[PDB]
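> Make a model of this:
(chains A, B, C and D, ligands or ions: 2)
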Amino acid sequence: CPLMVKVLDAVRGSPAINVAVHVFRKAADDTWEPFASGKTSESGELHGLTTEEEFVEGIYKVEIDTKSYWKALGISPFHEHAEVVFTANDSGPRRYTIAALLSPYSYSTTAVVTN
Amino acid sequence: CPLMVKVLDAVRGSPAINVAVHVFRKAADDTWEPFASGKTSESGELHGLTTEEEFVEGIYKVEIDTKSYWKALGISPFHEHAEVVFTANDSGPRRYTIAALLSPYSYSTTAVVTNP
Amino acid sequence: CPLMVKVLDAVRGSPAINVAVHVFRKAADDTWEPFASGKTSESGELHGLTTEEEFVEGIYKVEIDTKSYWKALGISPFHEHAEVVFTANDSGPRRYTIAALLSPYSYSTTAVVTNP
Amino acid sequence: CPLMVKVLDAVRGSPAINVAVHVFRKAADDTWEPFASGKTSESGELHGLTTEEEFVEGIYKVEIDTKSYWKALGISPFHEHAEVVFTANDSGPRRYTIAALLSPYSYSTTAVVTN
Ligand SMILES: CC1=C(CC(=O)O)c2cc(F)ccc2/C1=C\c1ccc([S@](C)=O)cc1
Ligand SMILES: CC1=C(CC(=O)O)c2cc(F)ccc2/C1=C\c1ccc([S@](C)=O)cc1
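Numbers count the residues shown, from 1 in each chain, chains lettered A, B, ... in the order given. Ligands and ions are numbered 1, 2, ... in the order given. Sure, the structure comes next:
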């Protein structure tokens, strides 16, 4: 599992559960090809998005549907979504955890890039 | 000045200076039209991107060129950019401060939305 | 104004207003002496805590009463407070902006340290 | 394991490894009694700090030695440490993950309070 997404809710201090995550790879024409997607689990994690075969070097976008998340909770969000865009680079560390911490008017994302 | 962008560098504990910021508005046809752009000043702030008249309702995207920022400091950052996408002025005109704090492998973005 | 505290509310996308802030300086004997205190204003800022003369080298603790803040909004937050502890003015006098972003179960604190 | 600490490095995008964490419980006299401590693992996690028997209701402080961490990496830190102070409350959710994301001049902490 070379790409994992973990999402946390900073309002309720919980995994952000059932958050839609779409992953895109930048095509040669600079458009975003849908690549992988899913909903975060009860631990706010999304595993099995890609394999080490499929996850080649390139620019990827992780799109977290934070707005849907907040709407389901009855809380007014600011952002349309949380968009994480990064170059997956073969060279060094290669397991990516994309950690997102969500608040209605704020989010942070962090990459944990390991071996 | 209804849309301000402020960028802080979490490594240096300083404003993130000369950070390129590009603003887009989603068009009727769902593409991103170029709305405004600028560089953060010495204070890490970007003022004067737009006006009350111009900043109409819509979905805007603020793309903060965090990569060039880190690169020019010799740091190969994780993200290509920090982009904040939001519906603006849905309940009437507001002042938006897009506050972003940058680390090579992390950024956070906060919105300060005030009613003038 | 060498020490400013700014507090943002990440739930409301607003300044965190009337947030009690207490500043302590570690004494020669290692206890926390009360240095200054105040409430964040409408802008979520707290200015005038100290002066260049008073703000001498030392280890300071800024305790942000984030709990009362959330409580008065009907929210039972996780943390009792947000406290930022730092050595100030080690390389000569600096201006410190303690920037804090609050969510009921999370807070972040950033330091903007500038040389006047 | 009712109290876990996870620390991440936002500069290197990695678990924050070998970070000293001290946990304190507020004594009746308002002093902080040392309670539990440890170093974060290679995954930036600190498990086994307490047990569900020992971890009673009360005000706890998690003190993360972020300054030592940054010094070992040759990076000038701002904070002396990251201090997380919270009331452990029996009532509801009761497994605490204290997540800290570290930068030299910034940190955030988040509580993941689960069942
Ligand atoms: C350690 C850690 C984890 C992993 C875990 O909890 O097991 C995590 C997962 C997320 F989805 C989001 C954040 C975190 C986290 C620390 C953290 C990161 C950013 C912020 S922002 C800058 O406020 C705060 C805290
Ligand atoms: C108060 C405040 C300001 C305004 C100012 O200093 O004038 C700001 C500006 C930025 F460009 C970025 C962050 C902040 C901030 C608090 C803060 C926000 C996110 C984080 S992340 C979640 O670690 C931490 C702290």
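> From here on, just use CA atoms for contacts and neighbour counts.
Will do.
> Can you list the residue ranges for strands in chain A?
With DSSP state E, the ranges of strands along chain A come out as A:3-9, A:14-15, A:20-26, A:32-39, A:45-46, A:58-64, A:79-88, A:95-103, A:106-114.
> Run through the residues of chain A sitting next to chain D.
A:8, A:10, A:13, A:14, A:15, A:110, A:111, A:112, A:113, A:114 (Cα under 8 Å from any Cα of the partner chain).
> Restricting to those residues, which residues neighbour chain B?
A:110, A:111, A:112.
> would a markdown table of the residues you listed with neighbour count be doable?
Listed next are these as a markdown table, based on neighbours: other Cα atoms under 10 Å in any protein chain shown:
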| residue | neighbour count |
| --- | --- |
| A:110 | 28 |
| A:111 | 29 |
| A:112 | 27 |
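> nearest to chain C, of these?
residue A:110 (13.6 Å; Cα to the nearest Cα).
> show me what contacts that closest one?
A:97, A:98, A:99, A:100, B:105, B:106, B:107, D:10, D:13 (Cα atoms under 8 Å, 6 or more residues apart in numbering or on different chains).
> ditto for residue A:71
Residue A:71 makes contact with residue A:77, according to Cα under 8 Å, 6+ apart.
> Let's see that with 10 Å instead.
Neighbour list for residue A:71: A:77, A:104 [criterion: Cα atoms under 10 Å, 6 or more residues apart in numbering or on different chains].
> ok, now the one 4 residues further on?
When contacts are counted by Cα under 10 Å, 6+ apart, residue A:75 touches A:11, A:67, A:68, A:69, A:103, A:104, C:11, C:12.
> burial measure for the closest residue in space to the fifth one that isn't next to it in sequence, as a count.
Going back to what we said before, that points to residue A:103. Leaving aside its chain neighbours, residue A:103 sits nearest to residue A:10 (5.4 Å; criterion: Cα to Cα, 6 or more residues apart in numbering or on different chains). Residues within reach of residue A:10, counting by other Cα atoms under 10 Å in any protein chain shown, total 29.
> now residue A:10: how far from ligand 2?
10 Å (Cα to the nearest ligand atom, to the nearest Å).
> in terms of contact, does that residue touch residue A:101 like I think?
Yes: here residue A:10 reaches residue A:101: they are 6.3 Å apart, a contact under Cα atoms under 10 Å.
> Give me the common contacts of the two.
A:16, A:107, C:106, D:110.
> In contact with the first one: list those residues for me.
Translated: residue A:16. A:6-10, A:39-45, A:66, A:69-70, A:100-102, D:112.
> Which members of those residues are classed as buried?
Neighbour-count burial (16 or more other Cα atoms under 10 Å in any protein chain shown) applied to the contacts of residue A:16 gives A:6-10, A:39-41, A:43-45, A:66, A:69-70, A:100-102, D:112.
> Residue A:35 contacts residue A:22, correct?
Yes: with contact taken as Cα under 10 Å, residue A:35 and residue A:22 are classed as touching, separated by 7.7 Å.
> what residues does chain A put near ligand 1?
Within chain A, the residues that sit near ligand 1 (Cα under 6 Å from any ligand atom) are A:6, A:7, A:8, A:99, A:100, A:101, A:108.
> Closest residue of chain A to ligand 2?
Ligand 2 sits closest to residue A:108 of chain A, with a gap of 5.7 Å, by Cα to the nearest ligand atom.
> Am I right that that residue is in contact with residue A:81?
No: contact between residue A:108 and residue A:81 fails when scored by Cα under 10 Å: they sit 11.6 Å apart.
> what does chain A put close to chain C?
Applying Cα under 10 Å from any Cα of the partner chain, we find that chain A lies next to chain C at A:9-14, A:75-78, A:101-107.
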